[PDB]
Each structure stands twice: as C-alpha cells, then as structure tokens.
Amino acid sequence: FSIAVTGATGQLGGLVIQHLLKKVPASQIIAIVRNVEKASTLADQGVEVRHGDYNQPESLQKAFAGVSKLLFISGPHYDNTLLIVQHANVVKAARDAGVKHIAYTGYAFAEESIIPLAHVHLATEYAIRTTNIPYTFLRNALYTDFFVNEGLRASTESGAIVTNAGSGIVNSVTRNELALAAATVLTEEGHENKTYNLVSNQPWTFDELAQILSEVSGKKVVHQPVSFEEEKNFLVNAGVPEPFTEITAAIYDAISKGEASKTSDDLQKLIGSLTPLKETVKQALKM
C-alpha cells in the first residue's frame, strides 16, 4: 500500500520521492503538495499528486484519504506559533483519515536545543503521540547544504568564510542522506514507535570547512570569526535581506554554544557510510 509525502515539491520532499522511486513502483507513491502546478515534474514520473495545504483542514482530510504510510515533512518556519497550528491540523487530518503509520521530520536532540524551532518539533511529536498511530520520529540534523552550497564561490573569491560560530562543532548531514533515511524507513519493517537522531558521527568546524575549501579550490580560504552583530552586518552588506541575515547569525550563534555538537550512530546504521564533507564541497562547487 501507499506512501504519501507532504512538502513533496520542496527540496527534502523531492529527494525523498526520488529515493522512493528506486525502491517502490511510482504508482505506490503519493505527492501531497500545496501548489499542484509545481508538481508537474512528479506526475510525469507516474507519481500521484494530491492537493494538501496545512492551512486547509478539508484539503488534508481528502489528501490523506486511504493512505497507509504518511511522511509528514515539517512546514517552512517563519512563524513558529503559526507552524504549531498548521502541524496540529496535519496530525488531526492524519488521525481522521485513519493513516496507519506516520513518520515526522523533527529536529535531533530537540530537548537540549536552544533555538525556538525545537519547541515546534517537540509540540508536534507530542501531537502525533495523542493519535495512537505507530510513529517514526526522524529527528534531522541541520542541513550541511545550508553551509556548503554554490554560495561558497563567494568565499573562494574573497579568501574568507565569515561566521560567528567560533569553533562550534557541526553534526550536519546533507538533505540527500536525510531523504535516503526517510525513504529507507518508509520501505522496511521495524521502525514503528521509534525515535532516531539523524546526525553525523564525523562532525566538523568552520576552520575545517575553510581548509577543505582551500584544498578543493586551490585558493587559500580562512575562517574569519566575528561577533553576532558583525555577522548580521557583513551579510546585509553582501545582499542578504535583514530577516535571513538575522536567522543565519542566530544559527551560527547557537552553533558557537554547542547546538549541533552532539552525535549519534542512528543515521549511519540506517543508511550505511556517510558522505565525506569534502565530497559535498566538491559537488557544491562542481570541483
């Protein structure tokens, strides 16, 4: 029976579907999406598309009708209090539709977290627990892709990666590997009523990232450590709009305080060997 993926046109959701397509027939996968025009790509691959908007309880009732396994990918997180309402609507719709298994993309080590979004994930986990639906909490790390992407070309150019993270440790993993973990979990037995903290057991620092970028690119790049307020200003000056520049500085600050410093073998046990940071840097730069 069927596997449905919310957030299916998003980056993580699209990768989950691409991994599911290597495991199950396309007819067995259901893409649940807010913008049905966006999901054209998917329909061509033989994946059924349904409209499901977290702001619209009725739309979710219909989208979840008859689905056996649901991958509930968390919403974009501008307004955390709104996100709780949206997530609560999703869980109730899932309960009402008689969904037989629910997997939820949470946040690793949320109980120890110092960023506000951890609260949303824990509230959502408790909401799913009230349903009595067999669950899997896929507690994802921060995305390596947030830090390691084509944007690093700017750092190759300037000779510096500028952050306020200090020597904060980073347990990030790529969206690709987190998507693979979600797909693996959805398509095999044994993961009912389990929580996984899906993080790297080979963490890195920004010093290390600069050294790897230096190695790959041939240009000397240093990590240049600055204050929170120096970071916010550096980013705005580089054309990052003030809200996102604030979010980025806040994530670096949490990192400087150990936010991403805890590890687990859960991910490696689920999917096998993890992608070395250097390979991700090479891909990001196509170098």
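Numbers for residues come from their place in the sequence shown, where the first is 1.
Hey, which bit's got the bigger mean C-alpha B factor in the entry, 39-47 or 221-229?
It is 39-47 that shows the higher mean C-alpha B-factor.
Decide which of the stretches 67-75 and 119-127 has the higher mean C-alpha B-factor, going by the entry.
On average, C-alpha B-factors are higher across 67-75.
Looking at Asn89, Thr81, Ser200, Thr187, which has the highest Cα B-factor in the entry?
In the PDB entry, the greatest C-alpha B-factor among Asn89, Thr81, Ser200, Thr187 is found at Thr187.
Using the B-factor values recorded in the entry, state whether the Cα atom of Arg95 falls in the lowest, middle or highest third among the modelled residues of its chain.
For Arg95, the deposited C-alpha B-factor lands in the lowest third.
Assigned third (lowest, middle, highest) for the C-alpha B factor of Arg139
Lowest third of the chain for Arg139's C-alpha B-factor.
Assigned third (lowest, middle, highest) for the C-alpha B factor of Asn193:
Its C-alpha B-factor, which the entry lists for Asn193, ranks in the middle third among residues of this chain.
Please rank the C-alpha B-factors of the chain's modelled residues and tell me whether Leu267 sits in the lowest, middle or highest third.
For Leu267, whose C-alpha B-factor we compare with every modelled residue in the chain, the answer is the lowest third.
Would you check the entry's CA temperature factor for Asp207 and let me know if it's in the chain's lowest, middle or highest third?
Its C-alpha B-factor belongs to the lowest third of this chain's values.
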